[PDB]
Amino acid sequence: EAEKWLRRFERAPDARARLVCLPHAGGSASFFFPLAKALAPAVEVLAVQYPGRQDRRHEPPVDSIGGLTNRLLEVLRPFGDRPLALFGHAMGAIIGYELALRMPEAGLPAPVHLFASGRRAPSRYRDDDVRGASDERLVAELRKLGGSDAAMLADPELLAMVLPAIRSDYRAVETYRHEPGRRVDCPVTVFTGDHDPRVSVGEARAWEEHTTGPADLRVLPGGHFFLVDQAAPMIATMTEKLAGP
């Protein structure tokens, strides 16, 4: 079951760290294929494939962020024989955070780093009536990813197969409620787009309130999907953070 959830596009047997990579609500494991190539051999990428995406399109979407986290903790166990860092974008950032919080009590060594991309701090909310994604937002964000994910849009048969799950997960993201007063103990490095309407700089810096460790905010040029255009400076930052304590 572990490799149905986790895709290893580039084996790196001598890697000093594994990086669990969690996509946004629309995204699939394949989004992270170039990162896997980029980070190996020093870091081994484990790209997460949520139920309902790509090859898992026939599976029902998860019941909640809580449930997804529960299921992912069990899946990550076999991979705990080396240090785990988490990278997540938007929805993925939330799950990354919840994983990080739960890992030690679940019987995994504490994560070595949390990279939170394109997401306001877990304690930060907005009174904006956003309880899910509009169809126009959903499609816009798929197009932005390019690759196999954007390709679905010219494939209405396959799009029909994955839409229910993607919609459900966007609703999960807005139904999400953090546990107040919790902090991870690992370093948190925050990536955010300078003109992302969904994440303000204050909201991004507020991740410092969710760790007892160092918090490093990096604002990069771009919107909600800045990470596509800004992969190089991000990868430079990630490789350095993961090359030391």
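All residue numbers refer to positions in the sequence shown, first residue = 1.
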Do the C-alpha atoms of 123 to 131 or of 84 to 92 have the higher average B factor in the entry?
123 to 131
Ranked by mean Cα B-factor in the entry, 107 to 115 and 150 to 158, top stretch is 150 to 158
Choose from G202, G193, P60, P187 the residue with the greatest Cα B-factor as stated in the PDB record.
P60
Per the deposited B-factor column, the C-alpha that peaks among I166, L76, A100, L145 belongs to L145
Here the Cα B-factor of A231, set against its chain, lands in the third termed highest
Grab the CA temperature factor for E179 from the record and place it in the lowest, middle or highest third of its chain.
highest
Would you mind ranking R18 by its C-alpha B-factor against the rest of the chain and naming the third, lowest, middle or highest?
lowest
How does the C-alpha B factor of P51 compare with the rest of the chain: lowest, middle or highest third?
lowest
Record-listed C-alpha B factor of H224: chain third:
middle
